[PDB]
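Neighbour counts are summed over all protein chains in view; Cβ atoms, including those assigned to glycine, are modelled from backbone coordinates with ideal geometry. Derivation of every value follows stated rules applied to the coordinates shown; laboratory data play no part.
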Amino acid sequence: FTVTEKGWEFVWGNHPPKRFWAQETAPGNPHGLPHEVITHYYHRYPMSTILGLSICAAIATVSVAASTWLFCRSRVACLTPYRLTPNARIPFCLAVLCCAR
Amino acid sequence: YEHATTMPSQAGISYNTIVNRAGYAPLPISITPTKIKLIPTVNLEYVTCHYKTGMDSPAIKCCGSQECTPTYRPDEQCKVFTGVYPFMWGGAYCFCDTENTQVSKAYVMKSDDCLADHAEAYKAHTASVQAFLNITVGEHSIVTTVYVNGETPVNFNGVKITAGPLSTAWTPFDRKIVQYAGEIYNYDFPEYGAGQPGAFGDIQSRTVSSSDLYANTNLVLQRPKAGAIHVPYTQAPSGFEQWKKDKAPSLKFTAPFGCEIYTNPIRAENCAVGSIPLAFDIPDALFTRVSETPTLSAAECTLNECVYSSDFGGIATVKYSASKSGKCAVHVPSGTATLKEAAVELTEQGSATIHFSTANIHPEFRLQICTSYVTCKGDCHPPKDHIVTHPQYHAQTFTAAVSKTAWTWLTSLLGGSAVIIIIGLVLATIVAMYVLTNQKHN
Amino acid sequence: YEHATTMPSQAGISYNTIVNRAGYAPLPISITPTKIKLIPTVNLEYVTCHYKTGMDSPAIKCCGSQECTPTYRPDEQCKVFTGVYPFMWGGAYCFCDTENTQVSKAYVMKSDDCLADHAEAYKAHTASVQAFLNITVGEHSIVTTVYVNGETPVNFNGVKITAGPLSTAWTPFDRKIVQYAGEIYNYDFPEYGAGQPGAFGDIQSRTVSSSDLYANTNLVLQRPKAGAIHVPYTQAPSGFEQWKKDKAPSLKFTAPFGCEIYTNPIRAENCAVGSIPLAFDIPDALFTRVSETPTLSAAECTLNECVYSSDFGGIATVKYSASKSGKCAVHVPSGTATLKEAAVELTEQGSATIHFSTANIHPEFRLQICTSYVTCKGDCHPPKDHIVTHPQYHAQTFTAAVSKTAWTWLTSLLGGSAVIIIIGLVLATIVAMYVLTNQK
């Protein structure tokens, strides 16, 4: 049987009722090695963990993608006025920073 | 002094609080609920039992013809049979071959054991909650049956307490109830006069001694065997016995929230649902002044034991200094820790050892002792039992067990991405301004 | 066979209807409510009565001192007075000048006439309407108490009738009720233990013989007169007497909808509110074939007299030619006019007289005699009494008393304007076409 924190009770024949109560001793260690905290909060709070990891992965993916997008647009906006000149003498500091030729 | 609070609807567990008048001594209040009933308004309709087909002796006339004289007994069948040559032990009964006549007459009456073996069909609605509180307000304790409608006060020592109505109108009992043998069932019994043959209520006596019972038991008289004096019938079996053979289990074993159904008043017990609000009309005489109670100076709190078990598995230790030796209240204003005792008796330079209960992994609460606030901080550890035989003595706060390591993983992988996007936005702004500065040249 | 109908909740006035099975004989139904009760669930909280301040005899110690011994009696006071010089008829009692001591003890107890003179404070909720009907279904007539919840059927001759619940949860009673001497009051009494002196419920005994009463009567002990053995006291006067002096009138005088408050149990009777739905479960054996009943040919209805009064003030004569002599149903389908009787016995060539009742100045209602349908048409006249002592036997149809002349005035003033505006619009269209023709 599955016993939660809200209680559980059985009666075995002519015996009196036995009530039982679950308490929060989940398998894992919540203090380090971050694949151990995820199993701990998965056996502890199963529904909330998948939603939390989904929204944290989504925000991390959107943030890394938008930062790469803005950095590539700013590199293009820097190097384009020095790549339309027919001599193309890009200076040295922008060559080291913007990773030019 | 009007003080309102709220108590959870759960027996056995002591509920503690204090009242802080802004310039006086704190007044501790303790309420421990013992037995919380729920008594519906119960309305008897009918009882039922086993029936007992009574049969009159066969009226026999030799070379004659009988008639059917009714009696208006319940389900009273009667029929007249012709062409009968009955026998007694001392030979034949008539001399006529044909044109003899035997009358069968049967009726339904209720059984002889109806008094001690019957089932009561009721109707219930609009229950009434009633608790056995054990209140202590300023070391003056009473034990009184309070009623928990929004009125009907309990009065003691000038203090008026009105424990208001439950936050939920839930009852375990349905609109219809059958009581049999000390146990109570949610059965949809048919109405009086609607009793069907072969099922519950084929007999419907209005009370136990009503002497007017409705009976619909599918009784049909049959023709007697040639040469015998008997009354043969054929009816559907006892619907009360067939109800007893099926009998989906009692409400004692099936009730939600763990109720405890009892019999002699039909009532439920200790249904852990809802919450009782409270009103305290406290007179001004009980508020003792400040300087008639001890008051600490230079106190400090440390945690000896800290286990986030179900009961009082934490010990905080307070080293204090105060220039009196008396008792004073302790309380935790948040629901972070649930203390065990409500008062601590003090020396002038000793230490205090309190017992609290908590769900937190890193407990940081602000203990209120006599009139001051210390901060008790530590780290709790998981308990050794998976399953205990007592309920919970604390409240699971949302974000209670978040374990500072995981606070660090949520701060870095979610706040650091914001740092990435703001330095990307700053870099984009500086690039746009530098492109506009380069095209200022013409 | 399910036949659903709805009866107005009003005692005494008969209700008649018929079941029109499509190929069988019409089946008459006649239901006359006699007494419509309305019973709330009623819960006793306490009783109250006049009180009686009990006094103890004064305990005098000659040149000593006394103490207070509590007897825990209700509202009990015990003050002890020093410096007394009491007296009997045989001279002085003590012989000292000072330092004598007298103990006064007073307490409240409920009166000796509590059993036959007291107010019972109840709580009411969740009424349960119950009705004494008188039901005739196809010359099977019973008289039987019904319970008008949506179940608990009444059974006679295989017919199963169930009176549905009221369309209104109205009760004349409030949440709190006081009974005093056959009369019932919506009165907001204080709770038990919440009684105040000088008002209702300063004395609160849980039952009549409870032997535990709550007394809050503002009893104060005073100091006795020099040279007198008595217990003086001051207290607020009796609130049951002051409540009898106030007593806004009973609920049988102030209740709406004509209700009649009685108390053998606490109940209202004959309130004219709401309406009872009915449910008929008619078996298939009561339906006689058509050919075993009379059936008419060439029937005609003429109105002899016609008064749009409140009682039956209209006489219609129906001349028929019957195939067979027997009683059959008469009924009006609409609420246009309400007949008096539910059945008419026929000869074979006679002329029948029916009594009806209408609010219409110009009634045109279609009667239903045995299986045919004649059209009764005529004109009614105003009655002569302004005020009658019996309620209304018919229904108030909207636009029932329009009095055909005013139909003509409304139709002229409402139709001539529409005629003028449509001929104006047609004239505008013709003028526009004539302009477009002339501009060629």
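Please specify each residue of region C:318-350 satisfying the condition of being of a type in the set (S, T, N, Q) and under 44 Å from the mean Cα position of the chain (by Cα). Correct list: C:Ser334, C:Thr336, C:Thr338.
Test A:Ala57 against the stated conditions and say whether it is in a helix (DSSP H, G or I), within 10 Å of chain B (Cβ to nearest Cβ) and under 30 Å from B:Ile361 (Cβ atoms). Criteria met by A:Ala57.
Restricted to region B:351-363, and to residues there that are under 16 Å from B:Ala395 (Cβ atoms) and assigned to a strand (DSSP E or B), the residue that is farthest from the chain's Cα centre (by Cα) is B:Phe356. Sub-7 Å Cβ pairs linking a first residue in region C:153-173 that is more than 15 Å from C:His3 (Cα to Cα) and away from every other protein chain (no Cβ under 14 Å) to a second residue that is surrounded by fewer than 17 Cβ atoms within 10 Å (Cβ to Cβ) and not aromatic (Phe, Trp, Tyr), at least 6 apart or interchain, are C:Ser167/C:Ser275, ordered by first then second residue.
Restricting attention to region C:248-257 and to residues that are hydrophobic (A, V, I, L, M, F, W, C) and at negative phi, the residue that is surrounded by the most Cβ atoms within 10 Å (Cβ to Cβ) turns out to be C:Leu251.
Hey, could you check region B:258-271 for residues that are touching a residue at least 60 places away in the same chain (Cβ under 8 Å) and surrounded by fewer than 16 Cβ atoms within 10 Å (Cβ to Cβ) and say which is farthest from the other protein chains (Cβ to nearest Cβ)? If we take residues in region B:258-271 being touching a residue at least 60 places away in the same chain (Cβ under 8 Å) and surrounded by fewer than 16 Cβ atoms within 10 Å (Cβ to Cβ), then B:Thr263 is farthest from the other protein chains (Cβ to nearest Cβ).
Considering each residue of region B:227-240 in turn, none proves to be in contact with a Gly (Cβ under 7 Å, 6 or more places away or on another chain), in contact (Cβ under 8 Å) with a residue 12 or more places away in the chain and within 14 Å of chain A (Cβ to nearest Cβ).
Taking the listed residues B:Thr411, B:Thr437, B:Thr397, the one that is of a type in the set (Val, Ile, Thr), under 30 Å from B:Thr6 (Cα atoms) and either part of a loop (DSSP other than H, G, I, E, B) or free of Cβ contacts under 8 Å to residues at least 12 places away in the same chain (or both) is B:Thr397, with no other qualifying. Being under 29 Å from the mean Cα position of the chain (by Cα) and acidic (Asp, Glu) is the requirement here; does B:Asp284 meet it? Spelling it out, it is not the case that B:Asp284 is under 29 Å from the mean Cα position of the chain (by Cα) and acidic (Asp, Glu).
Of the numbered criteria (1) in contact (Cβ under 8 Å) with a residue 60 or more places away in the chain; (2) within 14 Å of chain C (Cβ to nearest Cβ); (3) within 41 Å of the chain's Cα centre (by Cα), the one B:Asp75 fails is (3).
Scanning region C:344-393 for residues that are touching a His at 6+ places or on another chain (Cβ under 9 Å) and exposed (fewer than 13 other Cβ atoms within 10 Å of the Cβ) yields nothing.
This table checks each residue for (1) over 30 Å from C:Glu76 (Cα atoms); (2) touching a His at 6+ places or on another chain (Cβ under 8 Å); (3) of a type outside the set (S, T, N, Q).
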position: C:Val231; (1), (2), (3): no, no, yes
position: C:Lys244; (1), (2), (3): no, no, yes
position: C:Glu260; (1), (2), (3): yes, no, yes
position: C:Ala272; (1), (2), (3): yes, no, yes
position: C:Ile282; (1), (2), (3): yes, yes, yes
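For region C:376-384, the criterion of being among the basic types (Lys, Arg), over 30 Å from C:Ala25 (Cα atoms) and over 48 Å from the mean Cα position of the chain (by Cα) is met by none of the residues. Remark: pairs (first residue in region C:188-201, more than 11 Å from chain B (Cβ to nearest Cβ) and part of a loop (DSSP other than H, G, I, E, B); second residue hydrophobic (A, V, I, L, M, F, W, C) and surrounded by fewer than 18 Cβ atoms within 10 Å (Cβ to Cβ); Cβ separation under 8 Å; 6+ apart in sequence or on different chains) = C:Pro197/C:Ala236; C:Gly198/C:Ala236; C:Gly201/C:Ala194.
Evaluate the following for B:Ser291: is it closer than 22 Å to A:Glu5 by Cα and either touching a strand residue (DSSP E or B) at 6+ places or on another chain (Cβ under 6 Å) or assigned to a loop (DSSP other than H, G, I, E, B) (or both)? Judged against the criteria, B:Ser291 is not a match.
Residues are listed down the side, and each one gets a yes or a no for (1) of a type in the set (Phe, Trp, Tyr); (2) out of contact with any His (no Cβ under 7 Å at 6 or more places or on another chain); (3) more than 25 Å from B:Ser238 (Cα to Cα):
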| residue | (1), (2), (3) |
| --- | --- |
| B:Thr6 | no, yes, yes |
| B:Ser14 | no, yes, yes |
| B:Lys35 | no, yes, yes |
| B:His50 | no, yes, no |
| B:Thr53 | no, yes, no |
| B:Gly64 | no, yes, yes |
| B:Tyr72 | yes, yes, no |
| B:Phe81 | yes, yes, yes |
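Scanning region C:124-162 for residues that are outside any strand (DSSP E or B) and closer than 17 Å to B:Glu45 by Cα yields C:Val148, C:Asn149, C:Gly150, C:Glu151, C:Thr152, C:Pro153. When restricted to residues that are farther than 18 Å from A:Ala58 by Cα, more than 7 Å from every other protein chain (Cβ to nearest Cβ) and among the hydroxyl-bearing types (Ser, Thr, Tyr), region B:405-442 contains 4. Restricting the first member to region A:78-101 and to residues that are of a type in the set (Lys, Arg), and the second to residues that are assigned to a loop (DSSP other than H, G, I, E, B), the beta-carbon pairs closer than 8 Å and six or more apart or on different chains are A:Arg83/A:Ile90; A:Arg101/A:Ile90. So, B:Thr399, is that one under 30 Å from A:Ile55 (Cβ atoms), of a type in the set (S, T, N, Q) and either within 11 Å of another protein chain (Cβ to nearest Cβ) or surrounded by 15 or more Cβ atoms within 10 Å (Cβ to Cβ) (or both) or not? So B:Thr399 passes the test. Put simply, of B:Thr317, B:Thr338 the only residue that is out of contact with any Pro (no Cβ under 9 Å at 6 or more places or on another chain), surrounded by 17 or more Cβ atoms within 10 Å (Cβ to Cβ), among the β-branched types (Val, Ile, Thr) and in a strand (DSSP E or B) is B:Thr338.
For region A:1-34, the candidate set comprises residues that are more than 7 Å from every other protein chain (Cβ to nearest Cβ) and polar (S, T, N, Q); within that set, the residue that is nearest to B:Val307 (Cα to Cα) is A:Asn29.
When the strands (runs of 3 or more DSSP E) confined to region B:1-64 are screened for residues that are within 22 Å of B:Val154 (Cα to Cα) and among the hydroxyl-bearing types (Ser, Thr, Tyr), those reaching at least 2 such residues are found at B:2-8, B:15-19.
The selection criterion, being within 30 Å of C:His50 (Cα to Cα), surrounded by 11 or more Cβ atoms within 10 Å (Cβ to Cβ) and touching a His at 6+ places or on another chain (Cβ under 8 Å), does not hold for C:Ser104. So is B:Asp311 within 14 Å of chain A (Cβ to nearest Cβ), of a type in the set (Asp, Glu) and touching a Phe, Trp or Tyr at 6+ places or on another chain (Cβ under 9 Å) or not? Yes, satisfied.
Tell me, which residue of region B:272-286 that is of a type in the set (A, V, I, L, M, F, W, C) and part of a strand (DSSP E or B) is nearest to the other protein chains (Cβ to nearest Cβ)? Among them, the one singled out is B:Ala279.
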